[PDB]
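Positions are given from 1, in the same order as the sequence printed here. Atoms within each ligand, like the ligands themselves, are counted from 1 in listed order.
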Amino acid sequence: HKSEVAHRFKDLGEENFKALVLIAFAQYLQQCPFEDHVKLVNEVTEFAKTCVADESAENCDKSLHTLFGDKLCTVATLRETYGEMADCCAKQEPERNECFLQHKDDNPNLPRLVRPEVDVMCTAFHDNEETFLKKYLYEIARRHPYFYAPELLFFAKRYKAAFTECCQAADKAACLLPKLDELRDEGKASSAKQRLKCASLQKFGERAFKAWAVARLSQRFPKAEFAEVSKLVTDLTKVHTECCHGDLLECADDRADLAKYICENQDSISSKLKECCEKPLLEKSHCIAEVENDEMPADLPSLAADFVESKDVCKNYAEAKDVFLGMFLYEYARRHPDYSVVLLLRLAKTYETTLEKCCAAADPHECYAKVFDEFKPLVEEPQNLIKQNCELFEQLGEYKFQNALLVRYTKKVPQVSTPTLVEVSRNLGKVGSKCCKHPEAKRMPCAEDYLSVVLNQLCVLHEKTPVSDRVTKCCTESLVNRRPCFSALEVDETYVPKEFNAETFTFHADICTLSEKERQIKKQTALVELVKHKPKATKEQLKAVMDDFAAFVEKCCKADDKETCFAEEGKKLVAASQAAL
Ligand SMILES: CCCCCCCCCCCCCCCC(=O)O
Ligand SMILES: CCCCCCCCCCCCCCCC(=O)O
Ligand SMILES: CCCCCCCCCCCCCCCC(=O)O
């Protein structure tokens, strides 16, 4: 163990090494062009083969942090381009790498990536596959400097497979564009989960991150003993502290070590783990982070013995409050993989709250005796919400279910901008389509997975351009209460109806030539403004107006001379709609 570069080259292989080196330079030097990075990648690879041949060669005994920072500081354009970042070069290496990380620009000033036409992509992919995917790996990495490099590499290989299958197909667009749409969405979703996990650790505390994670790991590894989950939670906390700080190497070493440990101690952890532990280094931690929940042991008793019926429950809890709440959490969670994590955390917080009041009252035992009965209004709320919404989703379809959510949320918070209202109703409509296809025992974790990110994205938007104190209130009470708080918002009785604007309800025949997607957004936009202009309208009245509108679209798109219709019937639909309301 003499050369860090040599070691990492042998472990990753040359292809994976070159890609990771490209990503890491793209994340630090986000304004240099692609060909500057390619030159750096090749110089670093040529040097890396020098060390594979002879670990004693000059410079091979250097730290990777040292080698990386030295190559950063050879860039002659550095001060002209990045300014203050060039002053990091005057430092010695502990502070130098720290100085470089401070100057990472998440959310930089780059134009949005345009998806080219399908045949443009396939010709480019065929004509120079490597530079096509690599230029795009550069564009993505420089836009997401904190995105964990190996995972970015895993997205790239999914893109490669989609172009290899689809570009040799009969209908390229039909094959490819669903695969690119799923990949785009999962890419944005991963970025947001990571920004969410890091915000939990930064603002709310290491404690809440361990609460989460105990819950999740106990659902995932229900056969494991509490001490083994505590160990894993400790390791996870370090891993994610490091990765949030932005230092790629230490983050990745930590996840590798964690992956190695889990794979050796398979027997104390989970059975559904041999597949992930068969795969190469790069992929194992990623694979484990997603592994299916193991099956719980069949012989599991009520928790009531350990956690309500004991005397020596207030003593046990006072001896180590967080270890005891963790054991409660661990036991509830391994029994309920059908629960969301946040639901298990509400149960845990409820138990804590009562032990705190009851362990210092007259008789404890009879004070906290009916404690599990407090769980049931908490469990049934998410369950009922999902049952009702999946029934609704199956009656309407996805699009008409979006419209249903659109009216609900506009009435709840009519001060939100119309595009945001449309975007989240549409987003949550697709959450119905995906999660309601699960059986009931799996709808709640599926729903939480999408809602927590939608809700955190919403809250971050809102702190920027705020609009409603009630939204602020949900976005800054507990992270755990965020979804129920939103669900509990009632229709806004204070809102002054937005004043009628004739153009907002003026339609032209271009609506017949638009895609279904853009037709629906044009119409979903008009629905929001209709509810914002008449927030008192009933479900019956709105369905009266909406049906009349869909007969005005069909009549005027079926008609000899389209655009005189849209203005003539349009005058009539508005006048009659203003009158029914
Ligand atoms: C000359 C310095 C260049 C920097 C070298 C590139 C550093 C990237 C190394 C990443 C190793 C990742 C191993 C996989 C770990 C995991 O996610 O389980
Ligand atoms: C291995 C033990 C780790 C520690 C686990 C402690 C569990 C905490 C239980 C209370 C849940 C609190 C949820 C976070 C936000 C809050 O405090 O309101
Ligand atoms: C930028 C500000 C945006 C604020 C968003 C307000 C629009 C409502 C969003 C509700 C999402 C949470 C869904 C909870 C489930 C339910 O519908 O009961």
Within a distance under 4.0 Å of any heavy atom of [X], pick out the atoms of ligand 3 and give their elements.
X: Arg408; value: 17 (O)
X: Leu455; value: 11 (C), 12 (C)
X: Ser487; value: 14 (C), 15 (C), 16 (C), 18 (O)
X: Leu385; value: 18 (O)

Can you tell me if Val214 contacts ligand 2 (heavy atom of the residue under 4.0 Å from the ligand)? yes
Would you say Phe226 contacts ligand 2, with heavy atoms under 4.0 Å as the rule? yes
Give the atom numbers and elements of ligand 1 that come within less than 4.0 Å of a heavy atom of [X].
X: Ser285; answer: 16 (C), 17 (O), 18 (O)
X: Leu64; answer: 2 (C)
X: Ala256; answer: 18 (O)
X: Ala252; answer: 12 (C), 15 (C)
X: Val21; answer: 5 (C), 6 (C)

Could you see which bit of [X] sits under 4.0 Å from ligand 3, with heavy atoms only: side chain, backbone, both or neither?
X: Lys412; result: neither
X: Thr465; result: neither
X: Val467; result: neither

So for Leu248 against ligand 1, with non-hydrogen atoms under 4.0 Å, the contacting part is neither
Is the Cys358 SG less than 2.5 Å from the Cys314 SG? no
Proximal candidate to atom 15 (C) of ligand 1 [heavy atom criterion; set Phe47, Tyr148, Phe68, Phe154]: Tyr148
Pick whichever of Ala227, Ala208, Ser230, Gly205 has a heavy atom sitting closest to atom 1 (C) of ligand 2. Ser230
Proximity of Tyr351 and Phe375 rings by center, below 6.0 Å: no
Please report whether the ring centroid of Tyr332 lies less than 6.0 Å from that of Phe328. yes
Can you name the ring pair (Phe, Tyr, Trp, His ring centres under 6.0 Å) partners of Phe100, sequence neighbours left out? none
Which residues pass the side-chain contact (heavy atoms from CB on, under 4.5 Å) test with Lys473, not counting sequence neighbours? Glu477
Close-contact set for ligand 2 against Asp322 heavy atoms, below 4.0 Å: 4 (C), 5 (C), 6 (C)
Got an N/O contact under 3.5 Å between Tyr409 and ligand 3? yes
